[PDB]
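Consider the single chain below, provided in structure tokens and representing the form deposited in one PDB entry.
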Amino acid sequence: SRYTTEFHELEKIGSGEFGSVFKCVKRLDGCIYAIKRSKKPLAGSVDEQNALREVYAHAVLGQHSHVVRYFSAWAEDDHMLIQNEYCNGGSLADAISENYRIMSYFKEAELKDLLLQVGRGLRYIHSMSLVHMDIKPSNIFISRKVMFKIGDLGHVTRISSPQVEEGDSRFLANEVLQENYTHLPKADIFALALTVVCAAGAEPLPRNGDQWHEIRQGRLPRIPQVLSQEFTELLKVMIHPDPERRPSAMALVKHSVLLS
């Protein structure tokens, strides 16, 4: 077994229908990696194309400071294995939950830093003619003095000829629901805005219904933080009903409210 041979398993750090994720030490180099171990999906299935999307996303992307680095992927024992960078801070979702527990919070500055960093990740992905299509707190990872990195590339697809597996409904732009895939990068932008709103301590986002539609009308969820009207206005245009009115990733990262 390659997994057993090359790595020592330390701790399970995730589980779901996707399988399990393990913090592991690679014996050769002594470095820590996050390894996902999944049952190999049925051929030609939803699970397979999603798994495929991730490998071939990696084939294109290479390496960037705001994308979780991919090292290797292989299959054995009717299981799939994906070896990624280990981010010692967990996901943004984990951080948000912990914030709520010990009633801490991300400062307004920290929200802007989060927005800029993931924005840089998106600009790179978009520059490679790809879109993430599943941006949300649980897919943003934290290293350490803090670095935010985009992970979980299972929904990544091409801007040109996309195979769109829709992401979490809570973060999904209406035009994607409407099967309008002519501006998918702006769907990532929509999702990032709501991701920041979650980090800002907004109540849980709706899966559907009235509240759901209200958001897609360009109405921000309620936010207990005292945020500047300017930063607030930036988050609002990011969820504008017209995706062409939303800023591109590159327009986002060179925005005044964010800089520096």
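For the two forms, the rigid core is made up of the largest set of C-alpha atoms that agree within 1.5 Å on superposition. Each residue number is its position in the shown sequence, starting from 1.
- Annotation: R144 belongs to the positions left without coordinates in at least a third of the other compared entries, with flanking residues modelled.
- Going from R144 to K145, you skip over 10 or more residues of the deposited sequence that the entry leaves unmodelled.
- Across the two stretches, 78-86 and 129-137, the PDB entry reports the greater mean Cα temperature factor for 78-86.
- The deposited model assigns a higher average Cα B-factor to 156-164 than to the other stretch when 88-96 and 156-164 are compared.
- Listed residues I32, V46, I35, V196 were ranked by CA B-factor as deposited; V46 comes out on top.
- Of the candidates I150, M103, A187, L114, the one whose C-alpha carries the top B factor in the deposited record is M103.
- Annotation for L252: CA B-factor lies in the middle third of the chain's modelled residues.
- In this PDB entry, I239 carries a Cα temperature factor that places it within the middle third of its chain's modelled residues.
- In this PDB entry, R123 carries a Cα temperature factor that places it within the lowest third of its chain's modelled residues.
- Among the modelled residues of the chain, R222 sits in the highest third by CA temperature factor in this PDB entry.
- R69 sits in the lowest third of its chain by CA B factor, as recorded in the PDB entry.
Only in words, not in the display: the form deposited in another entry, which the text now covers.
- Put simply, after the core is superposed between this form and the one not shown, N50 is the one residue in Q211, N50, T232, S65 with a Cα shift of at least 2 angstroms.
- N180 shows a C-alpha shift below 2 Å between this form and the one not shown [criterion: core-superposed Cα displacement of 2 Å].
- Once both forms are fitted on their core, a CA shift of 2 Å or more is seen for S161 between this form and the one not shown.
- When the rigid core is held fixed, the Cα atom of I102 travels 2 angstroms or more between this form and the one not shown.
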